[PDB]
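Shown next, in structure tokens, is the structure this report addresses.
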There are 2 protein chains.
Amino acid sequence: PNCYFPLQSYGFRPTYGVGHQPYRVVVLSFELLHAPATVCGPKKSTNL
Amino acid sequence: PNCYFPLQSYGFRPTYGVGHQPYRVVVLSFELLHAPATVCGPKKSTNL
């Protein structure tokens with residue numbers, strides 16, 4: 001009582017509703033600044 | 001494997017959750033241009 005654990009279980013079972021299903025979320029946080037780039041997508045280099 | 005059918009079943013049963021219930025959706029796409037009109041609502045024609 002009135003002394004509660006901060007974190008509770010995210011318990012998952014194969015049979016819930018869609019809103020209760022175990023969604024796997026990953027978030028990609030681009031920077032899009034202008035510092036020397038490292039992760040460039042494909043695109044193929046043409047000549048000069 | 002890696003050869004997947006584009007379209008999967010929308011299987012419906014009388015017992016799902018509301019988010020999984022068979023919602024019947026119809027959309028009505030008005031044009032609201034100005035070409036000679038055809039679908040005019042009621043409104044009753046008064047005289048001139």
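So you can find residues: chains in the structure tokens are A, B, ... in the order shown, residues in each start at 1, and ligands are numbered from 1 in order.
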
What does chain B look like once superposed on chain A, all Cα atoms paired in sequence order, least squares? Give it as a PDB file with N, CA, C and O atoms, in the first residue's frame.
ATOM      1  N   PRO B   1       0.830  -1.207  -0.002  1.00  0.00           N
ATOM      2  CA  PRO B   1       0.001   0.000  -0.002  1.00  0.00           C
ATOM      3  C   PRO B   1       0.858   1.250  -0.002  1.00  0.00           C
ATOM      4  O   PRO B   1       1.839   1.336   0.737  1.00  0.00           O
ATOM      5  N   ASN B   2       0.518   2.181  -0.895  1.00  0.00           N
ATOM      6  CA  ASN B   2       1.140   3.491  -1.111  1.00  0.00           C
ATOM      7  C   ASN B   2       2.654   3.395  -1.281  1.00  0.00           C
ATOM      8  O   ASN B   2       3.341   4.424  -1.301  1.00  0.00           O
ATOM      9  N   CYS B   3       3.189   2.187  -1.449  1.00  0.00           N
ATOM     10  CA  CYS B   3       4.606   1.976  -1.756  1.00  0.00           C
ATOM     11  C   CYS B   3       4.617   1.062  -2.981  1.00  0.00           C
ATOM     12  O   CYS B   3       4.640  -0.164  -2.853  1.00  0.00           O
ATOM     13  N   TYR B   4       4.599   1.663  -4.166  1.00  0.00           N
ATOM     14  CA  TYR B   4       4.353   0.933  -5.400  1.00  0.00           C
ATOM     15  C   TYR B   4       5.623   0.816  -6.228  1.00  0.00           C
ATOM     16  O   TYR B   4       6.402   1.769  -6.334  1.00  0.00           O
ATOM     17  N   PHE B   5       5.824  -0.363  -6.806  1.00  0.00           N
ATOM     18  CA  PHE B   5       6.966  -0.577  -7.677  1.00  0.00           C
ATOM     19  C   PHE B   5       6.801   0.254  -8.946  1.00  0.00           C
ATOM     20  O   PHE B   5       5.716   0.282  -9.534  1.00  0.00           O
ATOM     21  N   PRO B   6       7.848   0.947  -9.387  1.00  0.00           N
ATOM     22  CA  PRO B   6       7.700   1.859 -10.532  1.00  0.00           C
ATOM     23  C   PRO B   6       7.305   1.154 -11.815  1.00  0.00           C
ATOM     24  O   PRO B   6       6.593   1.720 -12.654  1.00  0.00           O
ATOM     25  N   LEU B   7       7.762  -0.081 -11.981  1.00  0.00           N
ATOM     26  CA  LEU B   7       7.672  -0.783 -13.251  1.00  0.00           C
ATOM     27  C   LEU B   7       6.892  -2.083 -13.088  1.00  0.00           C
ATOM     28  O   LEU B   7       7.158  -2.867 -12.172  1.00  0.00           O
ATOM     29  N   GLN B   8       5.923  -2.295 -13.975  1.00  0.00           N
ATOM     30  CA  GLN B   8       5.041  -3.453 -13.967  1.00  0.00           C
ATOM     31  C   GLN B   8       5.259  -4.275 -15.231  1.00  0.00           C
ATOM     32  O   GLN B   8       5.842  -3.805 -16.209  1.00  0.00           O
ATOM     33  N   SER B   9       4.805  -5.525 -15.189  1.00  0.00           N
ATOM     34  CA  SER B   9       5.055  -6.483 -16.257  1.00  0.00           C
ATOM     35  C   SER B   9       4.316  -6.103 -17.535  1.00  0.00           C
ATOM     36  O   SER B   9       3.220  -5.543 -17.505  1.00  0.00           O
ATOM     37  N   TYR B  10       4.939  -6.427 -18.666  1.00  0.00           N
ATOM     38  CA  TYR B  10       4.348  -6.255 -19.990  1.00  0.00           C
ATOM     39  C   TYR B  10       3.872  -7.591 -20.539  1.00  0.00           C
ATOM     40  O   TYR B  10       3.958  -7.851 -21.743  1.00  0.00           O
ATOM     41  N   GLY B  11       3.369  -8.450 -19.650  1.00  0.00           N
ATOM     42  CA  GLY B  11       3.054  -9.840 -19.925  1.00  0.00           C
ATOM     43  C   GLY B  11       2.386 -10.145 -21.247  1.00  0.00           C
ATOM     44  O   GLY B  11       1.371  -9.537 -21.600  1.00  0.00           O
ATOM     45  N   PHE B  12       2.944 -11.101 -21.979  1.00  0.00           N
ATOM     46  CA  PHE B  12       2.503 -11.413 -23.328  1.00  0.00           C
ATOM     47  C   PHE B  12       2.149 -12.887 -23.447  1.00  0.00           C
ATOM     48  O   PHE B  12       2.853 -13.751 -22.913  1.00  0.00           O
ATOM     49  N   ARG B  13       1.060 -13.164 -24.147  1.00  0.00           N
ATOM     50  CA  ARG B  13       0.572 -14.500 -24.441  1.00  0.00           C
ATOM     51  C   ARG B  13       0.183 -14.558 -25.907  1.00  0.00           C
ATOM     52  O   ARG B  13      -0.095 -13.523 -26.524  1.00  0.00           O
ATOM     53  N   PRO B  14       0.160 -15.753 -26.504  1.00  0.00           N
ATOM     54  CA  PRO B  14      -0.199 -15.852 -27.928  1.00  0.00           C
ATOM     55  C   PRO B  14      -1.633 -15.455 -28.235  1.00  0.00           C
ATOM     56  O   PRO B  14      -1.959 -15.274 -29.414  1.00  0.00           O
ATOM     57  N   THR B  15      -2.500 -15.316 -27.229  1.00  0.00           N
ATOM     58  CA  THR B  15      -3.927 -15.065 -27.448  1.00  0.00           C
ATOM     59  C   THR B  15      -4.352 -13.803 -26.696  1.00  0.00           C
ATOM     60  O   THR B  15      -4.851 -13.874 -25.571  1.00  0.00           O
ATOM     61  N   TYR B  16      -4.161 -12.649 -27.333  1.00  0.00           N
ATOM     62  CA  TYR B  16      -4.765 -11.391 -26.915  1.00  0.00           C
ATOM     63  C   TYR B  16      -5.466 -10.752 -28.106  1.00  0.00           C
ATOM     64  O   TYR B  16      -5.491 -11.296 -29.213  1.00  0.00           O
ATOM     65  N   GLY B  17      -6.046  -9.579 -27.860  1.00  0.00           N
ATOM     66  CA  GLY B  17      -6.521  -8.758 -28.950  1.00  0.00           C
ATOM     67  C   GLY B  17      -5.386  -8.045 -29.654  1.00  0.00           C
ATOM     68  O   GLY B  17      -4.256  -7.975 -29.166  1.00  0.00           O
ATOM     69  N   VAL B  18      -5.700  -7.500 -30.832  1.00  0.00           N
ATOM     70  CA  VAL B  18      -4.682  -6.833 -31.642  1.00  0.00           C
ATOM     71  C   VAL B  18      -4.070  -5.670 -30.873  1.00  0.00           C
ATOM     72  O   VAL B  18      -2.844  -5.491 -30.860  1.00  0.00           O
ATOM     73  N   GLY B  19      -4.906  -4.871 -30.210  1.00  0.00           N
ATOM     74  CA  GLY B  19      -4.395  -3.791 -29.383  1.00  0.00           C
ATOM     75  C   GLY B  19      -3.547  -4.266 -28.224  1.00  0.00           C
ATOM     76  O   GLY B  19      -2.782  -3.474 -27.661  1.00  0.00           O
ATOM     77  N   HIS B  20      -3.663  -5.539 -27.856  1.00  0.00           N
ATOM     78  CA  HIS B  20      -2.854  -6.123 -26.796  1.00  0.00           C
ATOM     79  C   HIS B  20      -1.796  -7.083 -27.321  1.00  0.00           C
ATOM     80  O   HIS B  20      -1.145  -7.763 -26.521  1.00  0.00           O
ATOM     81  N   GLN B  21      -1.602  -7.155 -28.637  1.00  0.00           N
ATOM     82  CA  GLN B  21      -0.608  -8.049 -29.207  1.00  0.00           C
ATOM     83  C   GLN B  21       0.797  -7.469 -29.024  1.00  0.00           C
ATOM     84  O   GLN B  21       0.963  -6.254 -28.891  1.00  0.00           O
ATOM     85  N   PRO B  22       1.826  -8.321 -29.013  1.00  0.00           N
ATOM     86  CA  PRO B  22       3.219  -7.845 -28.868  1.00  0.00           C
ATOM     87  C   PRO B  22       3.799  -7.219 -30.136  1.00  0.00           C
ATOM     88  O   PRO B  22       4.471  -7.852 -30.949  1.00  0.00           O
ATOM     89  N   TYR B  23       3.521  -5.932 -30.323  1.00  0.00           N
ATOM     90  CA  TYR B  23       4.094  -5.213 -31.451  1.00  0.00           C
ATOM     91  C   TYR B  23       5.572  -4.931 -31.216  1.00  0.00           C
ATOM     92  O   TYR B  23       5.961  -4.371 -30.187  1.00  0.00           O
ATOM     93  N   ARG B  24       6.396  -5.316 -32.181  1.00  0.00           N
ATOM     94  CA  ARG B  24       7.825  -5.051 -32.140  1.00  0.00           C
ATOM     95  C   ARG B  24       8.084  -3.722 -32.834  1.00  0.00           C
ATOM     96  O   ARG B  24       7.849  -3.593 -34.040  1.00  0.00           O
ATOM     97  N   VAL B  25       8.569  -2.740 -32.078  1.00  0.00           N
ATOM     98  CA  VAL B  25       8.768  -1.393 -32.597  1.00  0.00           C
ATOM     99  C   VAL B  25      10.256  -1.086 -32.568  1.00  0.00           C
ATOM    100  O   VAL B  25      10.919  -1.281 -31.543  1.00  0.00           O
ATOM    101  N   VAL B  26      10.784  -0.619 -33.691  1.00  0.00           N
ATOM    102  CA  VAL B  26      12.111  -0.025 -33.730  1.00  0.00           C
ATOM    103  C   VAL B  26      11.972   1.351 -34.362  1.00  0.00           C
ATOM    104  O   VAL B  26      11.182   1.534 -35.294  1.00  0.00           O
ATOM    105  N   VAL B  27      12.680   2.328 -33.816  1.00  0.00           N
ATOM    106  CA  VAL B  27      12.647   3.691 -34.330  1.00  0.00           C
ATOM    107  C   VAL B  27      14.003   3.989 -34.944  1.00  0.00           C
ATOM    108  O   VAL B  27      15.029   3.465 -34.491  1.00  0.00           O
ATOM    109  N   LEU B  28      14.004   4.780 -36.007  1.00  0.00           N
ATOM    110  CA  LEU B  28      15.228   5.178 -36.676  1.00  0.00           C
ATOM    111  C   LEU B  28      15.350   6.693 -36.614  1.00  0.00           C
ATOM    112  O   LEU B  28      14.434   7.407 -37.031  1.00  0.00           O
ATOM    113  N   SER B  29      16.327   7.191 -35.875  1.00  0.00           N
ATOM    114  CA  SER B  29      16.363   8.653 -35.639  1.00  0.00           C
ATOM    115  C   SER B  29      17.448   9.336 -36.462  1.00  0.00           C
ATOM    116  O   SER B  29      18.547   9.543 -35.937  1.00  0.00           O
ATOM    117  N   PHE B  30      17.107   9.724 -37.682  1.00  0.00           N
ATOM    118  CA  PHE B  30      18.120  10.348 -38.550  1.00  0.00           C
ATOM    119  C   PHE B  30      18.481  11.700 -37.938  1.00  0.00           C
ATOM    120  O   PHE B  30      17.779  12.154 -37.024  1.00  0.00           O
ATOM    121  N   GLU B  31      19.576  12.298 -38.404  1.00  0.00           N
ATOM    122  CA  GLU B  31      20.034  13.609 -37.881  1.00  0.00           C
ATOM    123  C   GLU B  31      19.843  14.644 -38.977  1.00  0.00           C
ATOM    124  O   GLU B  31      19.425  15.766 -38.685  1.00  0.00           O
ATOM    125  N   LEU B  32      20.117  14.240 -40.221  1.00  0.00           N
ATOM    126  CA  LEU B  32      19.967  15.162 -41.378  1.00  0.00           C
ATOM    127  C   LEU B  32      20.627  16.504 -41.050  1.00  0.00           C
ATOM    128  O   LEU B  32      20.053  17.542 -41.432  1.00  0.00           O
ATOM    129  N   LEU B  33      21.777  16.489 -40.364  1.00  0.00           N
ATOM    130  CA  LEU B  33      22.500  17.770 -40.146  1.00  0.00           C
ATOM    131  C   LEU B  33      23.285  18.033 -41.428  1.00  0.00           C
ATOM    132  O   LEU B  33      22.680  17.939 -42.506  1.00  0.00           O
ATOM    133  N   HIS B  34      24.577  18.333 -41.314  1.00  0.00           N
ATOM    134  CA  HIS B  34      25.414  18.487 -42.535  1.00  0.00           C
ATOM    135  C   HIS B  34      26.858  18.079 -42.211  1.00  0.00           C
ATOM    136  O   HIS B  34      27.743  18.238 -43.087  1.00  0.00           O
ATOM    137  N   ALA B  35      27.090  17.578 -40.993  1.00  0.00           N
ATOM    138  CA  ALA B  35      28.447  17.135 -40.616  1.00  0.00           C
ATOM    139  C   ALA B  35      28.872  16.024 -41.574  1.00  0.00           C
ATOM    140  O   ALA B  35      27.987  15.404 -42.177  1.00  0.00           O
ATOM    141  N   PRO B  36      30.172  15.738 -41.773  1.00  0.00           N
ATOM    142  CA  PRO B  36      30.557  14.739 -42.753  1.00  0.00           C
ATOM    143  C   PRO B  36      29.626  13.528 -42.613  1.00  0.00           C
ATOM    144  O   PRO B  36      29.509  13.018 -41.529  1.00  0.00           O
ATOM    145  N   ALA B  37      29.003  13.110 -43.719  1.00  0.00           N
ATOM    146  CA  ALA B  37      28.017  12.006 -43.664  1.00  0.00           C
ATOM    147  C   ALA B  37      28.710  10.643 -43.577  1.00  0.00           C
ATOM    148  O   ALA B  37      29.886  10.548 -43.983  1.00  0.00           O
ATOM    149  N   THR B  38      28.000   9.634 -43.069  1.00  0.00           N
ATOM    150  CA  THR B  38      28.538   8.255 -42.940  1.00  0.00           C
ATOM    151  C   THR B  38      27.488   7.282 -43.478  1.00  0.00           C
ATOM    152  O   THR B  38      27.813   6.542 -44.425  1.00  0.00           O
ATOM    153  N   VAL B  39      26.263   7.311 -42.953  1.00  0.00           N
ATOM    154  CA  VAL B  39      25.224   6.418 -43.549  1.00  0.00           C
ATOM    155  C   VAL B  39      24.590   7.101 -44.764  1.00  0.00           C
ATOM    156  O   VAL B  39      23.639   7.888 -44.575  1.00  0.00           O
ATOM    157  N   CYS B  40      25.124   6.835 -45.957  1.00  0.00           N
ATOM    158  CA  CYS B  40      24.506   7.357 -47.202  1.00  0.00           C
ATOM    159  C   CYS B  40      23.734   6.197 -47.831  1.00  0.00           C
ATOM    160  O   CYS B  40      24.266   5.071 -47.798  1.00  0.00           O
ATOM    161  N   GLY B  41      22.540   6.439 -48.378  1.00  0.00           N
ATOM    162  CA  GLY B  41      21.860   5.315 -49.061  1.00  0.00           C
ATOM    163  C   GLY B  41      22.532   4.911 -50.362  1.00  0.00           C
ATOM    164  O   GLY B  41      23.600   5.451 -50.640  1.00  0.00           O
ATOM    165  N   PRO B  42      21.992   3.981 -51.181  1.00  0.00           N
ATOM    166  CA  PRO B  42      22.695   3.520 -52.387  1.00  0.00           C
ATOM    167  C   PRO B  42      22.895   4.625 -53.436  1.00  0.00           C
ATOM    168  O   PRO B  42      23.802   5.400 -53.260  1.00  0.00           O
ATOM    169  N   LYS B  43      22.160   4.589 -54.546  1.00  0.00           N
ATOM    170  CA  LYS B  43      22.159   5.694 -55.552  1.00  0.00           C
ATOM    171  C   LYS B  43      23.229   5.566 -56.648  1.00  0.00           C
ATOM    172  O   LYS B  43      22.996   6.185 -57.699  1.00  0.00           O
ATOM    173  N   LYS B  44      24.326   4.833 -56.457  1.00  0.00           N
ATOM    174  CA  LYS B  44      25.295   4.625 -57.575  1.00  0.00           C
ATOM    175  C   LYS B  44      26.017   5.916 -57.951  1.00  0.00           C
ATOM    176  O   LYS B  44      25.353   6.866 -58.363  1.00  0.00           O
ATOM    177  N   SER B  45      27.343   5.909 -57.893  1.00  0.00           N
ATOM    178  CA  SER B  45      28.108   7.140 -58.193  1.00  0.00           C
ATOM    179  C   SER B  45      28.348   7.287 -59.694  1.00  0.00           C
ATOM    180  O   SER B  45      29.019   6.421 -60.264  1.00  0.00           O
ATOM    181  N   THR B  46      27.815   8.340 -60.306  1.00  0.00           N
ATOM    182  CA  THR B  46      28.126   8.621 -61.732  1.00  0.00           C
ATOM    183  C   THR B  46      29.458   9.376 -61.757  1.00  0.00           C
ATOM    184  O   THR B  46      29.961   9.682 -60.673  1.00  0.00           O
ATOM    185  N   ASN B  47      30.032   9.637 -62.923  1.00  0.00           N
ATOM    186  CA  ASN B  47      31.368  10.277 -62.915  1.00  0.00           C
ATOM    187  C   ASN B  47      31.200  11.800 -62.839  1.00  0.00           C
ATOM    188  O   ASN B  47      30.084  12.244 -62.561  1.00  0.00           O
ATOM    189  N   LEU B  48      32.271  12.560 -63.064  1.00  0.00           N
ATOM    190  CA  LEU B  48      32.206  14.032 -62.931  1.00  0.00           C
ATOM    191  C   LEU B  48      32.002  14.652 -64.310  1.00  0.00           C
ATOM    192  O   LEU B  48      32.188  13.922 -65.294  1.00  0.00           O
TER     193      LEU B  48
END
